[PDB]
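What follows is a single structure, written as structure tokens, with notes after it.
Note that each Cβ is placed from the backbone with ideal geometry, even for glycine, and that neighbours are counted across all protein chains shown. What follows is calculated from the coordinates using simple rules that are stated; it is not laboratory data.
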Amino acid sequence: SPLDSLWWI
Amino acid sequence: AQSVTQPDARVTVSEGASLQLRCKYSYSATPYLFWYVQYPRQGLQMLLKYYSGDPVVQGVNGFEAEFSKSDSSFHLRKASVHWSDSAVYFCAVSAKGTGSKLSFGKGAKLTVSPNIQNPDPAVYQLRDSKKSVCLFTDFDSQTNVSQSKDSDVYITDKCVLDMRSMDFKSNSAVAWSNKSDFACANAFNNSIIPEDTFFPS
Amino acid sequence: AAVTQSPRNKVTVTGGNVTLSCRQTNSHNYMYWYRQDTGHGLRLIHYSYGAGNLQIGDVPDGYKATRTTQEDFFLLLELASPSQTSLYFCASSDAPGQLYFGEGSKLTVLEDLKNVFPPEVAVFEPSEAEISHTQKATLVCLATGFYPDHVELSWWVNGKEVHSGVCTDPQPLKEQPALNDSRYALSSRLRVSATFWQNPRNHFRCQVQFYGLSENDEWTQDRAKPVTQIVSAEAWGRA
Amino acid sequence: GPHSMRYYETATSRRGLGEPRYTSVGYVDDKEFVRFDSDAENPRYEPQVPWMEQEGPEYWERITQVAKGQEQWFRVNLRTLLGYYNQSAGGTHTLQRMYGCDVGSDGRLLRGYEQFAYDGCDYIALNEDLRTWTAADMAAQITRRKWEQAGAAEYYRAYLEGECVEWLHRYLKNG
């Protein structure tokens, strides 16, 4: 199951 | 479309009592949920964050919120609130991935009445240093101060000061008037004050 | 929160041009400008997801914004209207919905300068009755007859600002509640132990920073120009 | 024996006012088992192997929402990188993310991944300690700084040590 990314580049 | 609904703009609870602050949101996709807190004279700051997984999220000082997908709710709760919790609390919902889809609630101003261990209600007269003011002080949190039914009489709302060294808090309201014959005995005439209020002199 | 807004306080007249600066040195991606008003909560004006990008918020009318750099997000009021009298917050964001707020910029747009008055300030010494009954001493400061509602009251003991034992009204009273140009009044208390107050070596001072006219504003009336200024009242400890 | 689950996310900006194409491909033991493609007409995660068919609608909806969020996330990132490296809008660029977990024969985490490549070049990567980041260059240093300040490592490690391992195990259970 894929994961949400939070803090942007 | 996206929105957040907090039902009560203003909430008062007694120190030591439990707290629930309600929040409903409307958003078509799966959201991130937040509670922000704004202490007096400051900006907002994150208090609670929900990303995914466990519906119950936790924060500093015993704060927590519960995500309910079925009800579209994110109610905040705390077992026992204290004077320092007095602030404005904002619920917020955000789309994932972007910062372009964020909505704040109207916010809820929480007033926590301090527990006044040793009430000593009194109405004192102060002299001008450089004219005279009346000081209603040391009453329990429950007492409320009413406005004067006299335009030339000014009465401020209750105010809590904290002598931090002394671990001692107290309520006070101020009344003053330019008009001659203004008296401290009748200053807070149309407020409901304790029958045991001390009137010196 | 590494977000700093400037100026923190601003007074202008209708038609004036106002620029608020917001800088965040953490190079967050998103930046927002909000206004906060009683009964309307927090309302989004403009935001940006990067240098050169601008997105209108919910209440953009009368406002422009510019993201000149990743760190800088200016808010511009072109022809200042009294309705823009508000408390403005800038915020940066490094993750979806995660914001870090500035300290706030309080602005008042005046419609008519002749309504501007600085506060009169008076300190009232503690009652001896309170002294004996409680062994505590409450000083009361009164700032009266000021307009606009843009003051900051602080207590100073022996030349240093104190916060302990202090409570200041969150909201000022309208002296003439029925008038739109009504002047304001504000009260504050400083409570100390009786033995501290009764030491005549102790110096007490209530200071009120008033924000009004600038050096640039022209003034015609005879009375003293109600410029931005500090008005204060003092008292020495009484034994 | 040992196993692994890896996801590859790619965001490629078109030319002119072209919305980027976002793709996400999931592998188990280096074999594609799931896929999402923005270009598709009805974009959602689709099973690439019959043994994944057993996952109910709730599952497919949930992970599709993740992809939806990721697309926006990558859009923000692409525009941000142009700023980091001083580049023009019309162009075509690619940001790739690779994350997932290697699991040992003992059933424990061998290693965890969370790394990015921009235009074929290494950018930033989560170190084996799952605590520290390796920044390839100047821009990557800005990112690392923010992610260190944000405490990002803990979020991704939590996934890598928990859900990643568990889901891999669940997927294997099929066959």
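List of remarks:
- Computed from the Cβ-Cβ distance with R0 of 35 Å, the FRET efficiency linking D:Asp122 to D:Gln149 stands at 0.95.
- Distant alpha-carbon pairs in region B:87-201 (separation over 18 angstrom), percent: 61
- Comparing C:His203, C:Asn29, C:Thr68 along the charge dipole axis of chain C, the residue lying farthest to the positive side is C:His203, per the Cβ-charge model.
- For region C:230-239, 3J(HN,Hα) per residue [Karplus equation, 6.51 cos²θ - 1.76 cosθ + 1.60, θ = phi - 60°, Hz, x = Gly/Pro]: 9, 10, 9, 9, 10, 7, 8, x, 10, 8
- For chain C, built as a Gaussian network whose Cα springs stay under 10 Å, the top-fluctuating residue of C:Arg191, C:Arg23, C:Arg201: C:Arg201
- Calculated log₁₀ intensity ratio I(q)/I(0) where the Debye formula runs over C-alpha points of chain C, q = 0.12, 0.13 Å⁻¹: -0.80, -0.89
- The alpha-carbon atoms of region B:139-201 define a convex hull whose volume equals 114 cubic angstrom per residue.
- Cα-derived Rg to Rh of region D:46-150, Kirkwood definition: 1.04
- Considering only C:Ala137, C:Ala129, C:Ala185, the mean-square fluctuation computed in a Gaussian network model of chain C, springs between alpha carbons under 10 angstrom, is largest for C:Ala129.
- Inter-chain Cβ neighbour average for residues B:156-169, partner chain, 10 Å: 5
- Rg to Rh quotient for the protein assembly as shown, alpha carbon positions, Kirkwood Rh: 1.06
- HN-Hα J in Hz across region C:30-37 - Karplus 6.51, -1.76, 1.60, θ = phi - 60°, x for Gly and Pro: 8, 9, 10, 10, 10, 10, 10, 9
- Simple point charges give the picture: +1 on the Cβ of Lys and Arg, -1 on the Cβ of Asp and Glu, and for region B:1-114 a dipole about the Cα centre of about 340 debye.
- Positive-pole candidate from C:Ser86, B:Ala95, D:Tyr123, dipole of the protein assembly as shown, charges at beta carbon: C:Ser86
- Rounded to 5, percent antiparallel among DSSP beta bridges of region C:112-239: 95
- Scaling against 2.2 N^0.38 Å puts the C-alpha radius of gyration of region B:1-110 at 1.01.
- Look at the alpha carbon pairs under 8 Å that are at least 6 residues apart: their mean separation over the length of region C:1-121 gives a relative contact order of 34 percent.
- Whole-number D in µm² s⁻¹ for region C:1-111, Kirkwood Cα-pair radius fed into Stokes-Einstein, 20 °C, 1.002 mPa s: 157
- Summarised as an ellipsoid, region C:112-239 has semi-axes of 32, 15, 11 Å, derived from the eigenvalues of the Cα gyration tensor scaled by 5 and square-rooted, with the largest first.
- Kirkwood hydrodynamic radius of region C:57-113, from inverse mean 1/r over distinct Cα pairs, in Å: 13.1
- Candidates C:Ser182, C:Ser127, C:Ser154, ranked by Gaussian network fluctuation over chain C, Cα under 10 Å, top entry: C:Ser127
- In terms of overall dimensions, chain B has a Cα radius of gyration and Dmax of 21.9, 69 angstrom.
- Kirkwood Rh in Å, taken over chain D so that all alpha-carbon pairs contribute: 17.2
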